[PDB]
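Step one of this worksheet: look at the structure below.
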Amino acid sequence: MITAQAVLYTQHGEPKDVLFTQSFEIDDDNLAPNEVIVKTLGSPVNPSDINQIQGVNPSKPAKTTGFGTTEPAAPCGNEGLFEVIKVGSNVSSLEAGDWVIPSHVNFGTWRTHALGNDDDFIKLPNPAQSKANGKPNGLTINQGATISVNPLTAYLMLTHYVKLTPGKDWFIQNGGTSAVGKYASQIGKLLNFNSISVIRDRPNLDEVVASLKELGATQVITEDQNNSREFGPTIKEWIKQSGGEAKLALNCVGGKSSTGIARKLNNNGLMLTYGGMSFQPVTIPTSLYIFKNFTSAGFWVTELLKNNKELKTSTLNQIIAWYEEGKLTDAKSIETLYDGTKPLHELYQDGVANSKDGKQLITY
Numbered sequence: 023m024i025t026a027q028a029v030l031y032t033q034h035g036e037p038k039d040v041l042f043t044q045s046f047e048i049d050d051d052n053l054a055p056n057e058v059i060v061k062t063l064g065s066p067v068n069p070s071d072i073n074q075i076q077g078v079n080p081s082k083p084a085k086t087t088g089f090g091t092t093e094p095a096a097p098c099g100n101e102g103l104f105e106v107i108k109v110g111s112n113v114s115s116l117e118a119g120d121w122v123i124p125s126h127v128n129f130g131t132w133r134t135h136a137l138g139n140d141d142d143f144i145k146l147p148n149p150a151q152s153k154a155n156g157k158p159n160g161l162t163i164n165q166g167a168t169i170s171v172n173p174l175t176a177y178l179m180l181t182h183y184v185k186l187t188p189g190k191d192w193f194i195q196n197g198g199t200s201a202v203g204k205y206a207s208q209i210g211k212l213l214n215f216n217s218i219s220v221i222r223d224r225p226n227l228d229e230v231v232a233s234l235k236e237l238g239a240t241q242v243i244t245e246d247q248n249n250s251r252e253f254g255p256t257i258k259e260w261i262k263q264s265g266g267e268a269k270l271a272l273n274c275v276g277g278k279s280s281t282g283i284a285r286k287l288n289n290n291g292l293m294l295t296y297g298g299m300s301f302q303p304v305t306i307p308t309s310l311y312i313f314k315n316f317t318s319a320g321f322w323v324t325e326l327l328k329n330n331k332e333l334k335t336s337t338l339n340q341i342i343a344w345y346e347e348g349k350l351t352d353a354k355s356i357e358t359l360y361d362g363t364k365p366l367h368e369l370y371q372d373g374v375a376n377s378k379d380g381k382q383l384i385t386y
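The sequence shown maps to residues 23 to 386 in the entry's author numbering.
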């Protein structure tokens with residue numbers, strides 16, 4: 023027998039309110055033939071995780087009695103890294119020690135252990151396996167635990183919608199210092215895409231700029247420069263001199279910021295809204311639609327890859343390979359280790375609450 027700890031909610035709401043810890047048992051001696059028991063290595067706190075809990079995300083797990091509760095309750099968290107600790111008699115695709123993420127959302131990753139089927143997971147190479155296969159690097163726990171939303175999101179937005187001509191064409195993004203933004207600047211560098219990053223001004227602007235430029239951003243500007251009519255020409259001039267065009271806009275902010283990036287596009291431009299900074303609708307002048315043939319659309323990784331297993335795989339494999347080749351890099355996560363001394367849900371509650379401090383990983 024195994025004793026596990028799971029983070030659950032009985033009714034939707036704010037994580038600080040509705041969240042609690044439920045202890046449950048997993049019988050590893052009764053393991054069915056295609057069933058696989060995994061142990062959590064780590065799982066992050068992501069906006070989608072939070073907003074799912076609040077009751078705002080349409081994709082969410084069912085409320086059930088399965089964790090030993092009396093009331094229907096739902097698990098938390100959609101991403102995470104796990105280690106296979108035991109496979110059923112018939113399981114061939116997975117061995118003990120193997121590294122896996124969930125194959126689907128809503129699996130519930132804010133918990134110590136899980137019991138599921140072999141097809142409920144997607145194998146990753148652990149570092150030993152990577153190095154055994156001649157690679158210079160291995161994935162870290164953070165890299166593995168966060169590989170299935172943000173990097174994929176960045177890669178898919180840049181490749182799946184509009185063909186950017188290598189060495190010529192441009193994409194532009196707001197939320198430049200964000201996880202996805204960093205991943206996008208790097209992918210753009212690797213694919214030979216020119217890019218403009220927009221960020222909020224800050225005391226150490228030069229240091230952040232030099233940093234993002236090293237990740238792969240061609241130019242970095244403030245949201246004030248993004249707002250500026252006077253500054254506009256400077257941007258046009260960068261594009262013109264490239265011999266290419268600004269064809270794509272990546273938006274996670276909305277409001278003034280989204281306006282500003284939309285405007286920076288050449289005619290027949292595409293914007294992709296993949297996130298949104300709370301009660302700031304995507305705002306677009308009528309003129310861009312009419313005269314410049316602007317198009318404004320959405321992006322949601324969960325829905326795009328729901329029934330696109332081949333596309334998930336292909337993308338996932340590229341990321342993995344770049345991590346292994348030391349060509350891709352994650353933003354540092356602040357970690358919080360779980361040791362039984364403090365309720366597990368409480369660690370994820372702090373996590374939620376300190377998400378401004380940077381990406382919150384919880385390790386086991």
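Heads up, the beta-carbon is just placed ideally off N, CA and C, and yes, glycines get one too.
- Of the residues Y177, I194 and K286, the one whose Cα lies closest to the Cα of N339 is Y177.
- Bridge pairing for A319: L294 [DSSP].
- As summarised for the region 148 to 202, the continuous beta strand (DSSP E) elements at least 3 residues long and confined to that stretch are 192 to 195, given in chain order.
- Straight-line measurement puts the Cα of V374 at about 34 angstroms from the Cα of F215.
- Leaving aside the five residues that flank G282 on each side, the residues in its chain whose CB is nearer than 6 angstroms to its CB run, in chain order, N248 and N249.
- Three or more Cβ pairs drawn from the region 121 to 136 and the region 28 to 42 lie within less than 8 angstroms of each other, which places the two stretches in contact.
- When only Cα atoms are considered, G277 and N56 end up about 49 angstroms apart.
- For the pair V171 and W344, the Cα-to-Cα distance works out to about 16 angstroms.
- The Cβ neighbour count for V78, taken over all protein chains shown within 10 Å, is under 16; the residue is labelled exposed.
- Of the residues assessed, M293 falls on the buried side of the cut-off, its CB having 16 or more other CB atoms within 10 angstroms.
- For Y345, the uninterrupted alpha helix (DSSP H) segment begins and ends at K331 to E347.
- By the C-beta density criterion, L174 is buried, having at least 16 other C-beta atoms within 10 angstroms.
- For the options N376, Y386, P365 and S377, the alpha carbon positioned closest to that of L41 is the one of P365.
- Around the beta carbon of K381, 16 or more other beta carbons lie within 10 angstroms, which makes this residue buried.
- Beta-bridge partners assigned by DSSP to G64: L103 and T385.
- The C-alpha of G298 lies about 24 angstroms from the C-alpha of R251.
- A check of alpha carbon separations from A239 across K211, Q263 and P303 identifies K211 as the nearest.
- For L30, the beta-bridge partners assigned by DSSP are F42 and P97.
- Taking all protein chains in view, the Cβ of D352 is crowded by 16 or more other Cβ atoms within 10 Å, so the residue is classified as buried.
- Proximity to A206 across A96, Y296 and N73 peaks at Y296, based on C-alpha coordinates.
- Cβ contact annotation for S152 (same chain, cutoff 8 angstroms, sequence separation greater than five): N159, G160, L161 and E346, in chain order.
- In summary, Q195 is buried, with 16 or more beta-carbon neighbours lying within 10 Å of its beta-carbon over all protein chains present.
- Cβ-Cβ distances below 6 angstroms link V109 to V58 and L116 in the same chain, with the five nearest sequence neighbours on each side left out; the list follows chain order.
- Pairing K334 with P225, the inter-Cα distance amounts to about 39 angstroms.
- Taking C-beta atoms under 8 angstroms as the contact rule, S65 and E105 fail to qualify, at a distance of about 12 angstroms.
- With contacts defined by Cβ atoms closer than 8 angstroms, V220 and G198 form a contacting pair.
- The three-state reading of DSSP puts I257 in helix, counting H, G and I together.
- Under the DSSP assignment, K269 falls in the beta strand (DSSP E) whose first and last residues are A268 to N273.
- By the criterion of a C-beta distance shorter than 7 angstroms, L359 is surrounded in its chain by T385, once the five residues flanking it on both sides are discounted.
- Pairing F193 with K269, the inter-Cα distance amounts to about 6 angstroms.
- Excluding sequence positions up to five before and after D50, its CB lies within less than 6 angstroms of the CB of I24, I59 and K108, all in the same chain and listed in chain order.
- In this chain, the beta strand (DSSP E) harbouring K145 covers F143 to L146.
- DSSP lists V60 as the beta-bridge partner residues of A136.
- A straight line joining the alpha-carbon of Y311 with that of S280 spans about 14 angstroms.
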